[PDB]
């Protein structure tokens, strides 16, 4: 459970230029005598936060920037402190992608956007609209071909169509995300996902098509079109297909809006090799020579390094990548992105398979995407009003009727539990001996052990939160009132992470209000 000193272990996704990255490793070894091991484990973006939490895992993790804010919030990433001269070598917007709470938490590498990739021997002119693809598939089926195949197992690839007519993740306005405002189950998201489920119903696409199936069908010339990123171009070059890379089709006359990723390199907070990792990333990888070694293996897209991006900018495939990037949006890096992606992944798979309707599927995705913020609103307000004797005057905001009725229910059932179990609550309080901000952060491991060692039901959830309020009254008492909000975030995190699937099957806090209805 300790990262070894005097080497570098690196994790990067299996679709990226990991052999190219290993050659940059070898150059580092030649100068320093330090061995660089590059690994591409399956589901590395799920494995990282698990292994890093115990002070294990790689020295360096590569992913798109969207996952890095959760990593940072959980204390898993070393702060990045490049000097000016090095910061000035990368585009300022790429540094913005790896800024979390005013601190740089990664090195940006490259800008990725999806494009439409078409076979010019099947489709001299690619379609400008999604709406013309059914008619084009009918023409191509008559010659033993299909119009379009892309990965339907990862919401990344379907999001551009969902977003086109007004689906969104977290509303962005006046240079600010409203994390309360989620656009997964609106009329625009519904129209985009209904169009996708209609293509599958009409046998223009297959619900089971994944990355490998779509890639093989395009690269063998069986399908005229795919949707993929720059990393995919190497294998198409090898297939000798006469391909173009172009703007994604419009939907209802509006651009497809890809979620734009910055491939980023983070340093593990538990690494004893932080100076070696900084030296490797700044003076070996993020050079014209280091990025070229990776790019030549699998293309990176529009690199963060200004000197190299100027050389690659002339490539029409890159110009097309940035066209689809500027019609799209830079992904948020807020901790909730992980939950957003899980929720939308399940909705797309379930709608495509017929397991749920589009309305049922996006309903559950909206509930899943809102769950952390709504749970924190309820739990934070209950802890603080129990501590101080006075309620919060601030509007509840989005889904406010549910937050209000959940807080009302919690006051009734929670107060009942605190009273009937006052002796048991006092006994556990003294036994924990909670004195400061440090002791509060150690409760997280105890909460997970006890709250997860039992049945899932609303009764045990009321106990988690009610004991939370009991501790909050104590923290007010000992002039540790500034610990109540951190405590509320820790309780919320334990609840939503461990009971995510059960909470969504109950329709979240509406199920809570219903279950305890008098």
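For the two forms, the rigid core is made up of the largest set of C-alpha atoms that agree within 1.5 Å on superposition. Positions refer to the first chain, counted from 1.
Greater average departure of CA atoms from the shown form, over structures and residues in 8 other deposited structures of this protein after a core fit, characterises 441-449 among 219-227 and 441-449. Put simply, when the other structures in 8 other deposited structures of this protein are lined up on the rigid core, the C-alpha atoms of 423-431 lie farther off than those of the other stretch, from 423-431 and 352-360. Residue 175, though modelled here, lacks coordinates in at least a third of the other entries of this protein that were compared and that model residues flanking it.
Per the PDB record, of the two stretches 41-49 and 477-485, 477-485 carries the greater mean B-factor over its C-alpha atoms. Look at the mean CA B-factor for 437-445 and for 338-346 in the entry; the higher one is 437-445. Listed residues 429, 232, 265, 318 were ranked by CA B-factor as deposited; 429 comes out on top. Among 461, 469, 491, 60, the highest C-alpha B-factor in the deposited entry belongs to 491. Compared with the other modelled residues of the chain, the Cα B-factor recorded for residue 499 ranks in the middle third.
When all modelled residues of the chain are sorted by CA temperature factor, residue 185 is found within the highest third.
In the deposited entry, the Cα temperature factor of residue 280 places it in the lowest third of its chain's modelled residues. Residue-level temperature factors show residue 290 in the lowest third of its chain, judged at the C-alpha atom. Per the deposited record, the Cα B-factor of residue 453 falls in the highest third when ranked against the other modelled residues of its chain.
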